[PDB]
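*Asks:* Using PDB author numbering, you'd call the opening residue of the sequence shown number -1 and step up by one each time. Here a beta-carbon is modelled for each residue, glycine too, at the ideal position from N, C-alpha and C.
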Amino acid sequence: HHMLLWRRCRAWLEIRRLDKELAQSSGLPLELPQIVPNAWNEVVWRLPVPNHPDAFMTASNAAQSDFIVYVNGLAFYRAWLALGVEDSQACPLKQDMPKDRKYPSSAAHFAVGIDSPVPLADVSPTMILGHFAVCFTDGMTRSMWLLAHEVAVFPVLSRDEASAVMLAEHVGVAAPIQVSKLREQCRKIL
Ligand SMILES: [Cl-]
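1) Note down, in chain order, each residue of its chain lying with its Cβ closer than 7 Å to the Cβ of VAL151, except the 5 sequence neighbours on either side.
2) Closest to residue 217 by CA distance: which of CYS133, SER58, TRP38, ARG76 is it?
3) Roughly how many whole angstroms lie between the Cα atoms of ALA80 and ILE126?
4) Please go through the region 112 to 148 and give each complete alpha helix (DSSP H) segment of 4 or more residues, from N-terminal end onward.
5) Is it the case that the CB of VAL41 approaches a heavy atom of ligand 1 more closely than 8 Å?
6) Tell me whether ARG99 sits in a helix, a strand or coil according to DSSP, three-state version.
7) If distances are taken between C-alpha atoms only, which option among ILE33, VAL47, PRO48 comes closest to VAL41?
8) If you drop the 5 nearest sequence neighbours on each side, which residues of the same chain put their C-beta closer than 6 Å to that of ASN59?
9) With a threshold of 16 other CB atoms inside 10 Å of the CB of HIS147, please say whether the residue is buried or exposed.
10) Is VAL177 near ligand 1, going by C-beta to nearest heavy atom under 8 Å?
11) With a threshold of 6 Å on Cβ separation, who are the neighbours of residue 200 within its own chain once the five nearest residues in sequence on each side are excluded?
12) Ligand 2 heavy atoms versus the CB of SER58: any closer than 8 Å?
13) Cβ-heavy atom distance between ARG185 and ligand 1 below 8 Å?
14) To the nearest angstrom, how far is it from the Cα of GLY137 to the Cα of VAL121?
15) Can you tell me whether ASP113 is buried or exposed? The criterion is at least 16 other CB atoms within 10 Å of its CB, across all chains shown.
16) Does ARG44 come out as helix, strand or coil in the three-state DSSP assignment?
17) Report whether the distance from the Cβ of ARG44 to the nearest heavy atom of ligand 1 is below 8 Å.
18) Can you tell me whether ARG14 is buried or exposed? The criterion is at least 16 other CB atoms within 10 Å of its CB, across all chains shown.
19) Give the straight-line distance between the Cα atoms of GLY25 and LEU45, rounded to the nearest whole angstrom.
Structure follows, in structure tokens:
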């Protein structure tokens, strides 16, 4: 859309904005996803969405070996921007996320609700030019939807415990939990 210098400077400024927002909101309670009973036999969260109907997501597509990390949206956004501007998985600014070609399709799925919760994104910690970043196996557009709608905290899926703990370290609001253990807890309690 513009030149490289433009795109790098813009990303830089947004990261700096996030740095400050994160520093200000530090320690304050965020709105958490809520594990809810549902018509299926799966883990489903209700996600509050500011000035918007509730969203619902599910870990139905996860492996027993996967781990869930509840992430601070702003921190996740920042780590994604740390991928840089040229990556094929480069993160658009929030204001530009709805322009993404898959975004209407994502918005449509999110519109349905508890009858069809959106499966979690599969992400991974990584290293880019000597710094921490997050990249994707899948779920980039649904991640944009959540970010652009200012969902405060949402779950994501990670391939293994160490990767999950690393994600939680940099962008998490709590320790990870293995999908198999969460499914079993939901079973025994709900
Ligand atoms: Cl599930």
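*Replies:* Reading from the atomic positions:
1) So the list reads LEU28, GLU29, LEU30, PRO31, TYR68, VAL69, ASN70, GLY71, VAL171, once near-sequence residues are dropped.
2) Residue 217 is absent from the structure shown; the chain starts at -1 and stops at 188.
3) Cα-Cα distance, rounded: 7 Å.
4) Listed in chain order, they are 138 to 146.
5) Closer than 8 Å to some heavy atom of ligand 1: that describes the Cβ of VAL41.
6) Note: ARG99 maps to coil in three-state DSSP.
7) Between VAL41 and the set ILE33, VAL47, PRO48, the nearest pair of CA atoms involves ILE33.
8) Excluding sequence neighbours, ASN59 sits near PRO117.
9) Result: buried.
10) Within the cutoff, so yes.
11) Residue 200 falls outside the range modelled here, since the chain spans only -1 to 188, and no answer is possible.
12) The model on display carries ligand 1 but not ligand 2.
13) Result no, Cβ not under 8 Å from ligand 1.
14) Within the model, the alpha-carbon separation for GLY137 versus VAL121 is close to 8 Å.
15) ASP113 comes out exposed.
16) In this structure, DSSP gives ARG44 an extended state, which the three-state scheme calls strand.
17) Incorrect: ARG44 has no Cβ contact closer than 8 Å to ligand 1.
18) A residue is called buried once 16 or more other Cβ atoms fall within 10 Å of its Cβ, and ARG14, having fewer, is exposed.
19) Rounded to whole angstroms, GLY25 to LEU45 spans 21 Å at the Cα level.
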